[PDB]
Amino acid sequence: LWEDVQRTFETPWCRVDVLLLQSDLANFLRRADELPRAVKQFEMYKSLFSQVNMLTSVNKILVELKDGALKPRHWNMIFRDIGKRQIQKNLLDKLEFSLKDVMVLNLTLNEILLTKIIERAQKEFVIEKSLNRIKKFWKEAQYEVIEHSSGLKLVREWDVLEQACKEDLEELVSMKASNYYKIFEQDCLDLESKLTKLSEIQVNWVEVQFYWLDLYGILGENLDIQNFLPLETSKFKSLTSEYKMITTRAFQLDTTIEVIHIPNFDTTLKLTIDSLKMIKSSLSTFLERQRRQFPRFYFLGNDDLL
Amino acid sequence: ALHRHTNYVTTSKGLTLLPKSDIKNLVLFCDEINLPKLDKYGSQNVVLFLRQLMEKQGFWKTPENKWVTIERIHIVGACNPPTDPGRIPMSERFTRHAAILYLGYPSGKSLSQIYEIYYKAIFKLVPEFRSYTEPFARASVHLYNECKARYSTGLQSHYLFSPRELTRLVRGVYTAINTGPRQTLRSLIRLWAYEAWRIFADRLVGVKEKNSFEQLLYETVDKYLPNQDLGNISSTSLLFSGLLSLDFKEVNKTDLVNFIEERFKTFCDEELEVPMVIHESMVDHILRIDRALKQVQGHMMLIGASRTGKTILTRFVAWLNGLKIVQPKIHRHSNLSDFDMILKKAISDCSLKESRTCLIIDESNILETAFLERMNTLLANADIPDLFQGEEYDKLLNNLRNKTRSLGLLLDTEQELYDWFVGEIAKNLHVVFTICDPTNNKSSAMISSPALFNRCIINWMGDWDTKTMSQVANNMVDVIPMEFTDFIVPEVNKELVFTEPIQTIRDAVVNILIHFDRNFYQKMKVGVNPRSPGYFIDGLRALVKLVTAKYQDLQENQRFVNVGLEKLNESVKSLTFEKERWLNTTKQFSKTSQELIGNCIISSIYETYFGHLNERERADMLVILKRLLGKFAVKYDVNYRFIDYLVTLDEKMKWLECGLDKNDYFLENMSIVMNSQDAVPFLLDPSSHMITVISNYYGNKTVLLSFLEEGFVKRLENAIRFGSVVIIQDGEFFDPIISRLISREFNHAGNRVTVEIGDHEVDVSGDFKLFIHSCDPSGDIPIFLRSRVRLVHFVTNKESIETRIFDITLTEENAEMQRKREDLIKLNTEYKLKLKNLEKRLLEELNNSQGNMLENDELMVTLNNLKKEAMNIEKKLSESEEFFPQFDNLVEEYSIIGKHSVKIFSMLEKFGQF
Ligand SMILES: Nc1ncnc2c1ncn2[C@@H]1O[C@H](COP(=O)(O)OP(=O)(O)O)[C@@H](O)[C@H]1O
């Protein structure tokens, strides 16, 4: 029994399970008495029973420190302020310390400071859970692609991701109010920066795609209108070519967020939307110039007049 | 409804028919055929559809526009007489095609035989009293007759009796005899009386009609069952329950109460935590709800008042019987599809898994009439055909076919499977409606609905009576110490006392609280009181916390004065013998400790009740409370001011700096808002000037939301998780998802507190505050919100003129008197602070002057100094002793001025309203 209990004391804390620990402690209690008096008189049985009673004395503490909220920083703080010793970093960062250390911390007496540090652990995990959820959502998000008559690729359902980005940005802003935000600041700031860049790119992209669809009906299809406005359609063809290259390289990434790393993307979309707006203004001026020559065209509109 | 039994077919000359699915003819029983409402142009379309089905023998498909000829389907409708309330007259174009048959009540004498047969049936379990089959039945019938004549619809709209009540009584008598112990004649009479109480007298309103029913029961028993060994047949005198024993026997009250308490403690511990007090009415209603939930189609409708305990009592009784409590998590933007999905999930759990759910439907858990119609269809039948139709039906029949196989019973026919499904829903699903005020349109529609009123057991909780309030108060004022007031038993009328005869200060406290609650509801509320005490409970809790805090303060002050006196006795200079005189405050402590309970009662009542009152209503009710304290033998500070007593100088200066006005009314309102944070505050003000003020109090932590914006549900879930003060700009609207936040009903854990919003569990930081804010005082708030929230009125009413002109008149009529008025209290307060400051200065100097001699000069000069403020304090007290009588004498003249001023302003505002 001594070998078994010594083995179970040496298991790494990252692999200890309390459900089997309860049964193992029950077996240890059952088999403590059946040992002969030779073991009883020696320190072996006394030490074994004392350690088993130490394990059985505290069981809420073990399950509380088994929670996912505990982190290597909290273990370091517990060891330094309660155990008065330093743990090897390889032994600590992987939570592979043995149960003998947990015995050493003397959970029976220091349980007040233990719960004091665990409360901080759960609140820091409240912050970390939101950060991890945001990161996981934005590591798997992707647009929905369709292809119209031309070779261009079109995005559908802008809202399902725009609203998610806006809500995540609001969440990252609201995290600064929490007192336990200081340790998570260095990651939240970078995530907020990336999401702000993605939001700006999204804002430009939706307008670019909408304006290109609106203008493709007018120019690029009807040869007559392009003949009346050669400069506008000449610019529009180059805009469509550049937008096609940009969108192909963008959806060759499989993730929406990584477009922030594309060289010259946001400025390219700004230039594209500016040129599309100038072409739209040119169409408006041309239509008004046509209407001021035969004013009855004011009873028709734009599509009929075109 | 027809989709289950009919099968569309097609033929060249037979363009789609809708005949029977089987070979038997089909009979459509449309109950309450004249009930459906009619359009604004005066035509109800369902009746016209029925006429189309009976005259043209067909109809038109609305998607496809094809003539569907019904084949061998018959129409049989049932309707109450059109003179009954809510019965819309039917057009003669429809009833022209139907043969009308009138079916009256079975003559009142045939009922005797009809139910004597039932009693002969149910006495096969108890043959020893076979000869008693005939009496009981007659008695039952007689009882019904009397309850039909005494309690008419003229008293209450839900006093509708019928032989269905007699059948319920017979089933109850059987199901108590069947599972009960060996019976005796007295036991059978008491069992029948208990069932009669539960059937006929549960719905009764007011103690007058309950006493009338009790004397009717006594007369019936003495007339038809002239037994000579019986006890009291009152509702609380007899208690039948199977919670204690394995039988169903009349249990002793003390054992029942002890068991209920030891189970309620466990329920509050392991289930959601709400500190609650057990009393006799709670035990009685627990028995009632247990009896309702125990039977097969046991549905209950609890009509009481808000904060009575109906919802948590239902949850507790369901937990006792192992019923899964399901509550619709709906909110403002929840449409009929969400309710349909919730009902579908509840039904699937009830039948496909045998979950034995208990669906608690609040009055506010229904938004439009579609929800109520779904409840009608679920209750009248044991299923809602609209949920399971078309392809969803095909899945259901599949899930049935597998499931029914797992129980070891073979059923391959679709009809058999659906009949088993209906039976499982009927014996597994219990619906417990809870409605706060029955005069509301939604709740009146719920009560008057035929399916609910005919299937549900109307249990009328009503509002708390004086006995329940006394019990709750006694169990709630028994935690705070009252061994310092030196109470003397006062001479009061027997009607004034409510608890056991007054022998200690605690009984006086509970009597004062009950009397003030009654007087307050008598003045504010008119007619019937559909409001249950939530002010009373909040006031009790506030009084507990305030007595604790004030006694701690008094202990600290007494300790400081005593240690100073010991130091001065220890200090052995020439002038410290006179500080022995100025430390006569040990005598003042004896007087100020006697008034601690009175001041705490006044302050707690002011915090709870007067949040939503005018400047004059507050004064009148405070006068009433003072005369109530004087009626009993509890003392209080004669010159008591709420601002001075509760809020300190630092907090008042902070509020004034943040942007609060200089009004005493606004200072009291802010004290109510800030000091009382056991319940959410609901600030009502037309101008939004408070929204900035609160923000100025909390700097950058303030977060502004509203119930109208779409992302609100998410935004709060952020503010609730990271600890930022939340102000919700609108309060007249309210989506019940914040319900679990309005009442502090959380899910605790190891060290994380979690609250359910919608269907997400969010962790509360602990630094998170919630203020609800409203703009228009005309707007209403849901009864769930209004009774849970601390409503604070920040409006500037007309009565604000009444005082304000005074502050002008006295400014330009008695300038010196006005000057002395403010500086009297100002110097008084700054004296109470600075004399303590100088006393601790003197004490620490004595600490630093243990054995020195040159340092004693500063001690002597400050000793001579303190005499000056002592003289100023004494002079101010002596001058106030004459100033206050003159001030109160001078108040009444300008009160006469203000009486006309307020009327003039009201006339002006009516002019402006025109
Ligand atoms: N016996 C009691 N002791 C203490 N508080 C009670 C008692 N009965 C009711 N209450 C108060 O009334 C409220 C009733 O809660 P609940 O039943 O959920 O709402 P409702 O009564 O409106 O259905 C509780 O919050 C509780 O504070």
# chains A, B, ... in the order shown; residues from 1 in each chain; ligands from 1
>>> interface_residues(of="chain A", to="chain B", cutoff="7 Å", atoms="only C-alpha atoms", output="ChimeraX atom specification")
/A:119,122,171,174-175,177-178
>>> select_by_dssp(residues="region 158-316 of chain B", states="strand (DSSP E or B)", output="PDB file with C-alpha atoms, in the first residue's frame")
ATOM      1  CA  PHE B 240     -55.002  17.338   4.789  1.00  0.00           C
ATOM      2  CA  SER B 241     -51.656  16.489   3.232  1.00  0.00           C
ATOM      3  CA  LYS B 249     -54.641  12.122   6.433  1.00  0.00           C
ATOM      4  CA  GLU B 250     -55.457  15.216   8.456  1.00  0.00           C
ATOM      5  CA  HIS B 299     -53.692  23.328 -13.434  1.00  0.00           C
ATOM      6  CA  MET B 300     -53.916  26.271 -11.058  1.00  0.00           C
ATOM      7  CA  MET B 301     -54.542  29.993 -11.439  1.00  0.00           C
ATOM      8  CA  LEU B 302     -53.106  31.977  -8.523  1.00  0.00           C
ATOM      9  CA  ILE B 303     -54.812  35.365  -8.267  1.00  0.00           C
TER      10      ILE B 303
END
>>> atom_distance(atom1="CA of residue 636 (chain B)", atom2="CA of residue 888 (chain B)")
19.5 Å
>>> atom_distance(atom1="CA of residue 282 (chain A)", atom2="CA of residue 244 (chain A)")
22.9 Å
>>> residues_near_ligand(ligand="ligand 1", cutoff="9 Å", atoms="only C-alpha atoms and all ligand atoms", output="ChimeraX atom specification")
/B:274-279,281-282,304-315,362,434-436,468-469,471-473,475-476,532-534,537-538,743-745,783-784,787-788
>>> residues_around(residues="region 372-376 of chain B", least_positions_apart="2", cutoff="10 Å", atoms="only C-alpha atoms", output="ChimeraX atom specification")
/B:336,339-340,343,361,363,365-370,378-381,383-387,431,442,445-446,449-453,455
>>> write_last_selection(atoms="C-alpha atoms", output="tab-separated table (two decimals), in the first residue's frame")
chain	number	residue	atom	x	y	z
B	336	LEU	CA	-45.37	34.30	-31.09
B	339	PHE	CA	-43.59	31.16	-27.37
B	340	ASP	CA	-44.44	28.38	-29.81
B	343	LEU	CA	-44.29	25.30	-25.70
B	361	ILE	CA	-47.17	31.46	-16.86
B	363	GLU	CA	-49.69	37.59	-16.45
B	365	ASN	CA	-45.48	36.36	-19.78
B	366	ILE	CA	-48.17	36.85	-22.45
B	367	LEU	CA	-47.92	39.86	-24.76
B	368	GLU	CA	-50.75	39.56	-27.30
B	369	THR	CA	-53.92	37.51	-27.62
B	370	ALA	CA	-52.08	34.82	-29.61
B	378	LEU	CA	-53.17	23.70	-24.67
B	379	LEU	CA	-55.53	23.62	-21.68
B	380	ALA	CA	-58.89	22.77	-23.25
B	381	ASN	CA	-57.35	19.91	-25.19
B	383	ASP	CA	-52.22	19.36	-27.11
B	384	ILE	CA	-51.80	22.27	-29.50
B	385	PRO	CA	-52.40	21.03	-33.06
B	386	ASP	CA	-50.94	24.21	-34.57
B	387	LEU	CA	-47.44	23.43	-33.25
B	431	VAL	CA	-49.85	24.88	-15.89
B	442	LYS	CA	-54.87	41.15	-19.69
B	445	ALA	CA	-59.09	38.25	-20.29
B	446	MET	CA	-57.08	35.41	-18.73
B	449	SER	CA	-61.17	32.76	-20.92
B	450	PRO	CA	-63.27	29.58	-21.07
B	451	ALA	CA	-60.53	26.94	-21.30
B	452	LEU	CA	-58.53	28.41	-18.42
B	453	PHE	CA	-61.52	29.14	-16.19
B	455	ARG	CA	-59.64	23.67	-16.43
>>> residues_around(residues="residue 202 (chain A)", least_positions_apart="5", cutoff="9 Å", atoms="only C-alpha atoms", output="list in words")
residues 158, 162, 197 and 207 of chain A
>>> write_last_selection(atoms="N, CA and C atoms", output="CSV table (one decimal), in the first residue's frame")
chain,number,residue,atom,x,y,z
A,158,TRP,N,-23.3,41.0,-45.2
A,158,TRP,CA,-22.3,41.9,-44.5
A,158,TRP,C,-22.6,42.0,-43.0
A,162,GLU,N,-20.4,42.4,-39.6
A,162,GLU,CA,-20.2,43.7,-39.2
A,162,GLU,C,-20.7,43.9,-37.8
A,197,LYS,N,-9.0,48.1,-37.2
A,197,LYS,CA,-8.5,48.1,-38.6
A,197,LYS,C,-9.5,47.3,-39.5
A,207,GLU,N,-19.2,49.8,-49.0
A,207,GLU,CA,-19.5,50.9,-49.9
A,207,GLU,C,-18.9,50.6,-51.3
>>> residues_around(residues="residue 64 (chain A)", least_positions_apart="5", cutoff="10 Å", atoms="only C-alpha atoms", output="NGL selection string")
(:A and (59 or 69-70 or 114-115 or 118)) or (:B and (750-751))
>>> residues_around(residues="residue 139 (chain B)", least_positions_apart="3", cutoff="8 Å", atoms="only C-alpha atoms", output="mmCIF file with N, CA and C atoms, in the first residue's frame")
data_model
loop_
_atom_site.group_PDB
_atom_site.id
_atom_site.type_symbol
_atom_site.label_atom_id
_atom_site.label_comp_id
_atom_site.auth_asym_id
_atom_site.auth_seq_id
_atom_site.Cartn_x
_atom_site.Cartn_y
_atom_site.Cartn_z
ATOM 1 N N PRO B 135 -76.943 10.539 2.095
ATOM 2 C CA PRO B 135 -76.806 11.862 2.721
ATOM 3 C C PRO B 135 -75.761 12.734 2.048
ATOM 4 N N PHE B 136 -74.515 12.251 2.002
ATOM 5 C CA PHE B 136 -73.418 13.000 1.393
ATOM 6 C C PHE B 136 -73.838 13.663 0.093
ATOM 7 N N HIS B 142 -76.849 20.144 -2.144
ATOM 8 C CA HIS B 142 -77.333 21.305 -1.411
ATOM 9 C C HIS B 142 -76.261 22.376 -1.362
ATOM 10 N N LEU B 143 -75.033 21.975 -1.026
ATOM 11 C CA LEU B 143 -73.932 22.925 -0.981
ATOM 12 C C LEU B 143 -73.841 23.677 -2.294
ATOM 13 N N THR B 220 -75.015 22.994 6.478
ATOM 14 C CA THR B 220 -75.214 21.806 5.652
ATOM 15 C C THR B 220 -74.860 20.537 6.414
ATOM 16 N N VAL B 221 -73.738 20.550 7.136
ATOM 17 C CA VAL B 221 -73.343 19.370 7.898
ATOM 18 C C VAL B 221 -74.380 19.064 8.967
ATOM 19 N N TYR B 224 -77.740 17.673 7.105
ATOM 20 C CA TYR B 224 -77.761 16.398 6.399
ATOM 21 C C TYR B 224 -76.908 15.311 7.034
ATOM 22 N N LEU B 225 -75.898 15.671 7.820
ATOM 23 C CA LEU B 225 -75.022 14.702 8.481
ATOM 24 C C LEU B 225 -74.959 15.069 9.957
#
>>> closest_residue(among="B:501, B:268, B:819, B:578", to="residue 863 (chain B)", atoms="only C-alpha atoms")
B:578
>>> closest_residue(among="B:499, B:318, B:859, B:776", to="residue 841 (chain B)", atoms="only C-alpha atoms")
B:859
>>> residues_around(residues="residue 108 (chain A)", least_positions_apart="3", cutoff="9 Å", atoms="only C-alpha atoms", output="short mmCIF file (atom, residue, chain, number, x, y, z; two decimals) with C-alpha atoms, in the first residue's frame")
data_model
loop_
_atom_site.label_atom_id
_atom_site.label_comp_id
_atom_site.auth_asym_id
_atom_site.auth_seq_id
_atom_site.Cartn_x
_atom_site.Cartn_y
_atom_site.Cartn_z
CA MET A 54 -4.77 15.36 5.36
CA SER A 57 -9.75 16.70 5.51
CA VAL A 58 -9.95 19.16 2.60
CA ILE A 61 -10.21 23.05 -1.74
CA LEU A 105 0.59 24.40 1.18
CA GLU A 111 -7.93 28.42 3.35
#
>>> select_by_dssp(residues="region 515-694 of chain B", states="alpha helix (DSSP H)", output="MDAnalysis selection string")
chainID B and resid 515:523 535:570 576:582 585:594 596:608 615:631 642:646 649:658 664:675 689:694
>>> atom_distance(atom1="CA of residue 180 (chain B)", atom2="CA of residue 247 (chain B)")
4.9 Å
>>> closest_residue(among="A:188, A:19, A:14, A:131", to="residue 97 (chain A)", atoms="only C-alpha atoms")
A:14
>>> closest_residue(among="B:837, B:162, B:848, B:818", to="residue 886 (chain B)", atoms="only C-alpha atoms")
B:818
>>> decode(residues="region 240-257 of chain A", atoms="N, CA, C and O atoms", output="CSV table (one decimal), in the first residue's frame")
chain,number,residue,atom,x,y,z
A,240,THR,N,-12.4,48.0,-62.0
A,240,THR,CA,-12.9,46.7,-61.8
A,240,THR,C,-11.7,45.7,-61.8
A,240,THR,O,-11.7,44.7,-61.1
A,241,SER,N,-10.7,45.9,-62.7
A,241,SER,CA,-9.6,45.1,-62.7
A,241,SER,C,-8.8,45.1,-61.4
A,241,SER,O,-8.5,44.0,-60.8
A,242,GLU,N,-8.6,46.3,-60.8
A,242,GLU,CA,-7.9,46.4,-59.5
A,242,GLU,C,-8.7,45.7,-58.4
A,242,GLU,O,-8.2,45.0,-57.6
A,243,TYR,N,-10.0,46.0,-58.4
A,243,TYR,CA,-10.9,45.4,-57.4
A,243,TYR,C,-10.9,43.9,-57.5
A,243,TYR,O,-11.0,43.2,-56.5
A,244,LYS,N,-10.9,43.4,-58.7
A,244,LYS,CA,-10.9,41.9,-58.9
A,244,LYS,C,-9.6,41.3,-58.3
A,244,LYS,O,-9.7,40.3,-57.6
A,245,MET,N,-8.5,41.9,-58.6
A,245,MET,CA,-7.2,41.4,-58.1
A,245,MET,C,-7.2,41.5,-56.6
A,245,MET,O,-6.9,40.5,-55.9
A,246,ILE,N,-7.7,42.6,-56.0
A,246,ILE,CA,-7.7,42.8,-54.6
A,246,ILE,C,-8.7,41.8,-53.9
A,246,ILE,O,-8.3,41.1,-52.9
A,247,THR,N,-9.8,41.5,-54.5
A,247,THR,CA,-10.8,40.6,-53.9
A,247,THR,C,-10.3,39.2,-54.0
A,247,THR,O,-10.5,38.4,-53.1
A,248,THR,N,-9.7,38.8,-55.1
A,248,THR,CA,-9.1,37.5,-55.2
A,248,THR,C,-8.1,37.2,-54.2
A,248,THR,O,-8.1,36.2,-53.5
A,249,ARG,N,-7.1,38.2,-54.0
A,249,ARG,CA,-6.1,38.0,-53.0
A,249,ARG,C,-6.7,38.0,-51.6
A,249,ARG,O,-6.1,37.4,-50.7
A,250,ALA,N,-7.8,38.7,-51.4
A,250,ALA,CA,-8.4,38.8,-50.1
A,250,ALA,C,-9.1,37.5,-49.7
A,250,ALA,O,-8.9,37.1,-48.6
A,251,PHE,N,-9.8,36.9,-50.6
A,251,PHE,CA,-10.5,35.7,-50.3
A,251,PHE,C,-9.6,34.4,-50.5
A,251,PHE,O,-10.0,33.3,-50.3
A,252,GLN,N,-8.4,34.6,-51.0
A,252,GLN,CA,-7.4,33.6,-50.9
A,252,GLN,C,-6.8,33.4,-49.5
A,252,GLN,O,-5.8,32.8,-49.3
A,253,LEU,N,-7.4,34.0,-48.5
A,253,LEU,CA,-6.9,34.0,-47.1
A,253,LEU,C,-7.7,33.1,-46.2
A,253,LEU,O,-7.2,32.8,-45.1
A,254,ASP,N,-8.9,32.8,-46.5
A,254,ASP,CA,-9.8,31.9,-45.8
A,254,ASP,C,-10.3,32.5,-44.4
A,254,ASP,O,-11.1,31.9,-43.7
A,255,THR,N,-9.7,33.6,-44.0
A,255,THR,CA,-10.2,34.3,-42.8
A,255,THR,C,-10.4,35.8,-43.1
A,255,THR,O,-9.6,36.4,-43.8
A,256,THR,N,-11.5,36.3,-42.5
A,256,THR,CA,-11.9,37.7,-42.8
A,256,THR,C,-10.8,38.6,-42.2
A,256,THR,O,-10.5,39.6,-42.8
A,257,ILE,N,-10.3,38.4,-41.0
A,257,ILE,CA,-9.5,39.3,-40.3
A,257,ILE,C,-8.2,39.5,-41.0
A,257,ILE,O,-7.7,40.7,-41.0
